[PDB]
Amino acid sequence: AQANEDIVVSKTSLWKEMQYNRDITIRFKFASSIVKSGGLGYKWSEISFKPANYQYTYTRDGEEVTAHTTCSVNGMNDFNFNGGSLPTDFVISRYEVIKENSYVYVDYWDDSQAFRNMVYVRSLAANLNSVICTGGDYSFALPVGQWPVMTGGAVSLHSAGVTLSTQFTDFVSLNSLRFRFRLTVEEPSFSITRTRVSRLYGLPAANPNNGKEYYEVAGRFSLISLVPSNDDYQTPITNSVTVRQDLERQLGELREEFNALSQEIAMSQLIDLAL
Amino acid sequence: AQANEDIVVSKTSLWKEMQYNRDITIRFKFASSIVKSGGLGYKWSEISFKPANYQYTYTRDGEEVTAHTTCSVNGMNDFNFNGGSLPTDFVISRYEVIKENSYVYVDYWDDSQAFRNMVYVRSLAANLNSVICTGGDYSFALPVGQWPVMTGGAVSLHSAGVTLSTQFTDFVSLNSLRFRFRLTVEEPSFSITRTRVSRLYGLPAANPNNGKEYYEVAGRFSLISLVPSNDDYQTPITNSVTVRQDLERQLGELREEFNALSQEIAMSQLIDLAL
Amino acid sequence: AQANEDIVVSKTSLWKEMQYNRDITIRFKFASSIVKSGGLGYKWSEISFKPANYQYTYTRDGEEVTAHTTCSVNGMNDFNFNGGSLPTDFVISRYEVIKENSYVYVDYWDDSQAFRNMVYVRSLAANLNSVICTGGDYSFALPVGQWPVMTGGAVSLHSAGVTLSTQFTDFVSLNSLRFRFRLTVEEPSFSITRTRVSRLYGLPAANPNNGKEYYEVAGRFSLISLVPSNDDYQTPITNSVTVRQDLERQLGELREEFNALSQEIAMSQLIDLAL
């Protein structure tokens with residue numbers, strides 16, 4: 001056997017079952033959507049996770065292989081902290097934190113032959129070593145006074161069942177292997193500095209990557225794919241996405257309204273400033 | 001014969017033709033998009049239909065089926081109502097109403113064997129009884145004065161042709177059966193109370209669901225699908241979607257601009273409280 | 001041998017390899033998103049290319065072909081101009097221009113037999129003639145003063161390698177042929193009136209279409225597709241889409257914030273105007 005076997009478990013005139021075994025380096029990354037409310041600047045609408053893409057390249061055994069991994073979270077816990085009700089009080093309406101009840105979906109795709117025409121897969125199995133994602137420090141740009149910082153928060157990712165997924169980005173639609181990761185809250189806890197909250201275990205979305213370029217997991221997978229026998233057929237990969245046109249229309253109308261209102265406000269201020 | 005047979009009509013080494021005949025309980029739902037124009041709040045930008053997902057789980061004959069149904073509207077008619085150009089008058093720039101000339105699409109997918117690898121389908125036929133969708137009572141909120149409530153509106157969906165489609169959500173991409181419904185307006189008439197619009201037939205987008213958790217229609221479908229012979233292959237079902245990155249960037253840009261403007265307004269209002 | 005043959009290069013019980021040769025009329029267009037900042041109204045946030053859909057019908061030999069095209073731009077240079085930092089000074093933060101270093105993608109799909117089950121394709125080749133795309137006139141509608149107009153800009157799209165891709169919209173998902181075009185700058189040059197910028201080549205995103213219905217290019221392609229033997233088999237074409245729910249929720253929250261702020265501003269003007 002070998003670390004990157006390529007076995008033919010069946011063949012036919014037009015189709016063939018190919019067994020692919022591979023050792024892969026899954027480098028995944030977190031993306032945080034931070035929405036801040038309007039007013040003085042002491043209110044934050046939300047700090048949540050969103051799916052994050054990451055395309056990279058690494059050296060296999062004598063080969064330069066280009067991979068694309070997208071990370072996402074499920075079963076997140078929404079926490080809320082209030083400094084009061086006045087406009088000056090620091091308050092976050094909600095923010096997502098990862099706990100033992102959550103899952104992390106890291107779907108990995110590669111340019112190897114194991115993914116070229118992956119439309120049907122059976123006997124899918126994998127091995128994955130656990131890792132630790134430690135929470136970094138994220139500071140809040142308050143208009144006045146001290147700056148709170150959300151520091152800490154570690155979760156150990158442990159391997160779970162692997163399945164089949166699809167990465168839908170604006171450029172490429174890829175048929176990927178979704179590795180599911182369970183989480184265990186670890187000793188490094190997260191606390192909001194200068195706030196009445198601390199020593200609570202999890203990994204908030206404020207700064208999951210903690211300044212790290214990525215989180216790397218060395219995995220292995222073995223699958224059987226039903227692909228055309230001729231190794232020339234190529235499934236469409238590159239994409240032209242024009243989804244959610246109604247959302248674009250709403251964004252345009254909202255921007256038009258905001259532009260008109262801001263134009264009126266700016267004129268009403270400049271007339272006074274022109275004394 | 002059976003209500004839920006799994007017949008074989010052809011088989012080869014790697015592929016086969018499965019004739020699936022199944023009874024289904026299509027539970028669908030409407031989604032209303034409401035955009036309210038800025039200002040005193042006496043006008044609404046748009047009241048439109050939008051695609052609506054609904055994932056449920058119902059008991060078939062001895063088994064539990066997890067179903068995912070997505071509803072959409074086509075050919076919607078654009079009505080409008082304005083009392084004048086005065087800011088303090090009721091104005092709906094454009095709202096969507098469903099009439100006979102329009103159609104209702106319902107994509108339906110199940111975790112049963114009939115949808116495991118549905119990529120190719122032929123001889124797709126179905127039977128599907130009609131349903132009645134009545135209109136709810138949606139109230140319009142104003143700073144002061146009366147509250148015109150849009151009430152009434154009923155339309156009967158009658159079964160029409162059936163095709164194949166794809167349900168694209170934020171979590172799952174599903175090859176599904178698209179049931180098409182023609183429309184016949186029923187006796188109830190939608191009208192805005194305390195307003196000069198009444199005796200109008202159709203189904204508006206204000207509150208299509210009428211407070212119902214779902215609209216349920218019983219269906220049956222028979223189809224022949226070209227599926228891999230081994231009942232262990234799996235087409236990707238879940239998804240990791242990061243499309244419309246430019247739209248996210250524009251949303252962030254406008255959020256930043258609005259935050260700046262709101263902070264400016266807050267500073268201006270706070271300066272007026274010094275003495 | 002005729003221009004629109006569909007030859008059988010292989011056939012089996014359930015699958016076959018078909019050689020489709022077709023002469024097509026690709027009609028495409030450029031879509032541009034123009035984002036305008038707030039303030040007095042002398043700052044455009046950006047003028048950027050975005051994917052552009054266009055569905056049409058053209059007469060083949062004795063039959064009408066319904067085609068769907070999607071244009072996109074890759075590797076577009078970003079040019080910025082800032083005459084002065086003052087609010088009243090004209091500014092365009094960044095606009096996209098396509099040069100030799102840029103590429104134009106055009107995804108093309110038809111209701112013909114060549115695209116009906118296009119999931120696996122080999123031996124793909126094409127013959128496409130070049131087309132000249134010239135930018136039109138776009139006027140910057142400033143609040144008060146002169147309106148600069150950006151006029152000119154001409155490039156030649158020369159046929160490049162052809163591959164597979166997929167067009168995703170709010171209505172259809174189409175496995176399609178991706179024609180790539182390289183760019184060669186032409187004699188006409190884009191310039192902005194009443195500005196110290198001119199004699200620089202490219203195709204600015206302000207008005208690539210030159211106020212024209214479409215850019216038409218006659219092409220031909222030959223491909224070998226692995227499709228089900230029975231032609232009654234159909235893959236999904238239409239889709240129901242609910243992608244980017246987080247985006248819609250954030251847009252709704254932003255709309256609520258804007259409505260609250262605008263109502264507050266309008267009430268402030270009303271009370272300030274009440275003597």
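So, how was this worked out
- Residues numbered from 1 in each chain as written, not as in the entry; some residues may be left out.
- Chains lettered and ligands numbered in written order.
- Part of a larger assembly, values for the part shown.
- Heavy atoms only, no water.
- Helix = DSSP H or I, 4+ residues; strand = E, 2+ residues; numbered from the N terminus.
- Rg over C-alpha atoms; globule rule 2.2 N^0.38 Å.
- Buried < 20%, exposed > 50% of the residue type's maximum accessible area, 1.4 Å probe, protein only.
- Contact = heavy atoms within 4.5 Å.
- Areas by Shrake-Rupley, 256 points an atom, 1.4 Å probe, with all protein chains shown as cover.
- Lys, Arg positive; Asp, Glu negative; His and termini not counted.
- Charge placed at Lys NZ, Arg CZ, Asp CG, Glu CD.
- Buried area = accessible area lost by both parts, 1.4 Å probe.
- Salt bridge = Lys/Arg side-chain N within 4 Å of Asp/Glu carboxyl O.
- Polar contact = N/O pair within 3.5 Å; in protein donor to acceptor, adjacent residues only side chain to side chain.
- Nonpolar A, V, L, I, M, F, W, Y, C, P; charged D, E, K, R; others polar.
- Pairing = 2+ DSSP bridges.
- Disulfide = S-S within 2.5 Å.
- UniProt positions renumbered as here; feature names shortened; annotations may be inferred.
- Least-squares fit on C-alpha atoms.
- 1 Å grid on protein atoms, 1.4 Å probe; cavity = no way out; pocket = protein on both sides within 12 Å on 5 of 7 lines; lining within 4 Å.
- Points joined across faces, edges and corners; volume = space filled by probe spheres on them.

Going by the header, the method for this PDB entry is cryo-EM, and the resolution given is 2.72 Å.

(A) Summary view of the overall build of chain A. Tallying secondary structure elements over chain A gives one helix and 19 strands in all. Taking 2.2 N^0.38 as the reference for a compact globule, 275 residues should give roughly 19 Å; the C-alpha atoms of chain A span a radius of gyration of 24 Å, well beyond that estimate. Each principal axis of the C-alpha distribution contributes one length, and for chain A these read about 85 × 45 × 30 Å. Split into buried and exposed, the 275 residues of chain A put 54% on the buried side. Counting contacts in chain A only where the partners sit at least 6 residues apart, residues at least 24 apart contribute 70% of the total. Element-wise, carbon and sulfur atoms account for 48% of the exposed surface of chain A, whose accessible area totals about 11,800 Å². Positive and negative side-chain charges of chain A, numbering 24 and 30 respectively, have mean locations separated by a distance of 5 Å.

(B) Focus on the interface of chain A and chain B. Contact residues are listed per partner, giving 51 residues for chain A and 45 residues for chain B. Taking both partners together, chain A and chain B bury about 4,300 Å²; carbon and sulfur atoms supply 55% of that area. Along the contact surface separating chain A from chain B lie three salt bridges. Between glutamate 248 of chain A and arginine 244 of chain B there is a salt bridge; the shortest N-O distance is 2.9 Å. Taken together, the connections running from chain A to chain B amount to 25 residue pairs in polar contact. Tallying contributions element by element places helix α1 (residues 245-273) of chain A first for the side of chain A that touches chain B, with 13 residues. Classifying every residue of the side of chain A that touches chain B by side-chain character gives 20 nonpolar, 18 polar and 13 charged. Pairing of strand β14 (residues 154-169) of chain A with strand β21 (residues 238-242) of chain B, which is carried by five bridges, proceeds in the parallel orientation. Pairing of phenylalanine 168 of chain A across the sheet is with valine 241 of chain B, part of β21 of chain B.

(C) Spatial organisation of the interface of chain B and chain C. On the chain C side, the residues contacting the 54 residues of chain B number 46 residues. Of the roughly 4,200 Å² buried between chain B and chain C, counting both surfaces, carbon and sulfur atoms make up 56%. The three residues of chain B that bury the most area against chain C are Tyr120, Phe168 and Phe258 of chain B, which together make up 17% of that side's buried surface. The tally of links from chain B across to chain C stands at three salt bridges. Between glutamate 46 of chain C and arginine 249 of chain B there is a salt bridge, with the nearest N and O atoms lying 2.6 Å from each other. Applying the counting criterion to the chain B and chain C interface returns 22 residue pairs in polar contact. When residues of the side of chain B that touches chain C are traced back to their parent elements, those giving at least two are β2 (15-28), β7 (64-74), β11 (121-128), β15 (154-168), β16 (173-185), β20 (215-228), β21 and α1 (245-271) of chain B. Each residue belonging to the side of chain B that touches chain C can be placed in one class, and the counts come to 21 nonpolar, 19 polar and 14 charged. The sheet contact formed by β15 of chain B and strand β19 (residues 238-241) of chain C spans four bridges and is parallel. Looking at β19 of chain C, one finds that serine 165 of chain B is bridged to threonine 238 of chain C.

(D) Looking closely at the UniProt feature "disulfide bond" in chain A. Residues and elements named next belong to chain A. In this model the annotated disulfide between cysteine 71 and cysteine 133 is broken, with an S-S distance of 7.7 Å against a 2.5 Å threshold. With respect to the secondary-structure elements, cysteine 71 resides in strand β6 (residues 64-74). Positionally, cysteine 133 belongs in strand β11 (residues 131-134).

(E) Just the relation of the copies chain B and chain C, in detail. Mapping chain B onto chain C calls for a rotation angle of 120° and an axial translation of 0.0 Å; the resulting RMSD is 0.4 Å. Between the two chains, the operation in question is that of a three-fold axis.

(F) How the structure looks around empty space enclosed by the protein. Considering all chains together, one arrives at six cavities of 30 Å³ or more under this definition. Its volume calculated, the largest cavity comes out at about 670 Å³. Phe168 and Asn175 of chain A, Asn175 of chain B together with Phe168 and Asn175 of chain C are the residues nearest the centre of the largest cavity, which is lined by 30 residues in total. With three residues, β16 of chain B is the largest single contributor of residues to the lining of the largest cavity. Along the lines of polarity and charge, the residues of the lining of the largest cavity split into 15 nonpolar, 14 polar and one charged. Size it by volume and the second largest cavity reaches roughly 90 Å³. Lining the second largest cavity we find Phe168, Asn239, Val241 and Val243 of chain A, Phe168, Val241 and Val243 of chain B together with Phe168, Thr169, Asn239, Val241 and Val243 of chain C.

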